[PDB]
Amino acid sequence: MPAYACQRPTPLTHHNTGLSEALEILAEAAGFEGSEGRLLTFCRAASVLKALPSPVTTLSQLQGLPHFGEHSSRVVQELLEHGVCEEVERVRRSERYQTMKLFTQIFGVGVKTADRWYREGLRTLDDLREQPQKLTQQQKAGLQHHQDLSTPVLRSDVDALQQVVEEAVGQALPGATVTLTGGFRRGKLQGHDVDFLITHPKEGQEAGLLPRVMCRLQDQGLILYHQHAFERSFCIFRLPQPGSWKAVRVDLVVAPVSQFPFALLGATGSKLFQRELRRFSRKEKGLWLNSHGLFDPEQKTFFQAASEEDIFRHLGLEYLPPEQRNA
């Protein structure tokens, strides 16, 4: 088992679901406390289990696995022996964990905002609604639409949205393309949002595109919220339903075609996969990776990629299709 998640296939469904979910609770709780390092270790340990070919049934099967030390091993030991880990259950029922989860789930609220509200004594969504002067416009939208945004987006919803995005994109710039990214590209059947990447085959034609797309979607009555030159937009869309509609989060990204493989890789995820890939690039290969390119700081040159396959090859990694990037 290699130490980095980008060195091994991780499928969407696997053989250690309950163990990985427990470790991910501890990761989330670490994040709520500001401990990024412990969040990373628990996430990485969880992801190792996702990559295993069969269920862990005995503690000895963790020997030698990366990211399993005394703490993560004890959690697994307790789950194997008793079906429950007391530390995990204590986190689950704690007021701090439940409220931070509730608040950080709001669009426009991160850990630092949630923590401040917690310390001020706020505990419920209605607590926040009763003091709406202290909310950003983004938080107001996240709170108004919170119930709909709490409903999973279905793969059935994605086809309808991609068609309306393509229509607006086609009027804004004929020949521009729309690619589904994020979790759905990795094979997820549901999601918290829909993520799209937009480009044009002629380098430079994509400049100025996203304002033109957003204005057109807004004219069609499809935009319930957006932030407004820009190249990423975090929107709330009106999606039809039988007899009505529901609010759905949609992310749009524009990239020049020269950067498209890097933007596609960076937007396809998973989040942990991308962090691990960027860490691998810099620490093992001495190259700096982001969603625009791959830089050699010794030659001061950028690597021209025509595909995601190119990027894995330039990093000396076996290619992983999106469905195996579910770290």
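All residue numbers refer to positions in the sequence shown, first residue = 1.
The entry shows an unbroken chain from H82 to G83, with no unmodelled residues of the deposited sequence in between. For the segment pair 162-170 and 198-206, the entry gives 162-170 the higher mean B-factor, averaged over Cα atoms. Mean CA temperature factor is higher for 234-242 when stretches 141-149 and 234-242 are set side by side in the entry.
Comparing the C-alpha B-factors of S54, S291, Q274, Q299 in the entry, the top value falls on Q299. The top Cα temperature factor in the record, among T136, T181, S72, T104, falls on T136.
Sort the chain's modelled residues by C-alpha temperature factor and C43 lands in the lowest third, per the entry. Residue-level temperature factors show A29 in the middle third of its chain, judged at the C-alpha atom.
Among the modelled residues of its chain, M1 has a C-alpha B-factor that falls in the highest third according to the deposited record. Among the modelled residues of its chain, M214 has a C-alpha B-factor that falls in the middle third, as given in the PDB entry. Per-chain ranking of the deposited C-alpha B factor places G37 in the middle third.
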